[PDB]
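Just so it is clear: in the sequence shown, position 43 is 43 by the authors' numbering, and no numbers are missing.
From the three backbone atoms N, C-alpha and C, an ideal C-beta is built for every residue, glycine too.
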Amino acid sequence: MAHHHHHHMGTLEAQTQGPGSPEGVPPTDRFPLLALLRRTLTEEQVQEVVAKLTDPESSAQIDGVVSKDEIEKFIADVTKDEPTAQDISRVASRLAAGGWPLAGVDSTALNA
Numbered sequence: 001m002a003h004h005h006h007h008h009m010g011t012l013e014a015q016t017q018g019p020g021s022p023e024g025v026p027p028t029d030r031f032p033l034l035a036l037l038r039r040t041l042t043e044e045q046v047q048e049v050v051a052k053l054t055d056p057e058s059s060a061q062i063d064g065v066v067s068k069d070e071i072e073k074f075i076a077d078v079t080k081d082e083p084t085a086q087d088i089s090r091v092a093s094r095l096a097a098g099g100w101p102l103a104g105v106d107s108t109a110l111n112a
């Protein structure tokens, strides 16, 4: 009820850059790209969501519980206001592919 759905209207494949060529970066919450806080979760903000999500201790007090719905909470927490299957899927893709220690993860593919 009330909730509509704007169809896929967006051919604007955005580019990336960062400081130049972001690779070899350590898993540090404070990247230069974290100077952007907006409703529309771009890569940086998604990687931030997962950077928070990946700490199972902190989540236990941020909202007070640990349940996988937490993804939605953290997304909406980033001024998204609108955690849809898109957001949950992307974030989930990051944390799913974000296999900690040596899982074969790319230290550059975390950017776009």
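Query	Result
What residues in its chain sit with their C-beta under 6 Å from that of residue 29, if we drop five residues either side in the sequence?	51
Using the Cα positions of residue 69 and residue 89, report the straight-line distance between them to the nearest angstrom.	12 Å
Residue 45 to residue 18, Cα distance in whole Å?	13 Å
Between residue 112 and residue 43, which are expected to be in contact by the criterion C-beta below 8 Å, what is the C-beta distance as a whole number of angstroms?	5 Å
Taking DSSP as the reference, what is the three-state secondary structure of residue 94?	helix
How many angstroms separate the CA atom of residue 1 from the CA atom of residue 13?	32 Å
Going by beta-carbon coordinates alone, are residue 95 and residue 53 separated by less than 8 Å?	yes
In angstroms with no decimal places, state the Cα-to-Cα distance between residue 21 and residue 73.	31 Å
To the nearest angstrom, how far is it from the Cα of residue 55 to the Cα of residue 5?	33 Å
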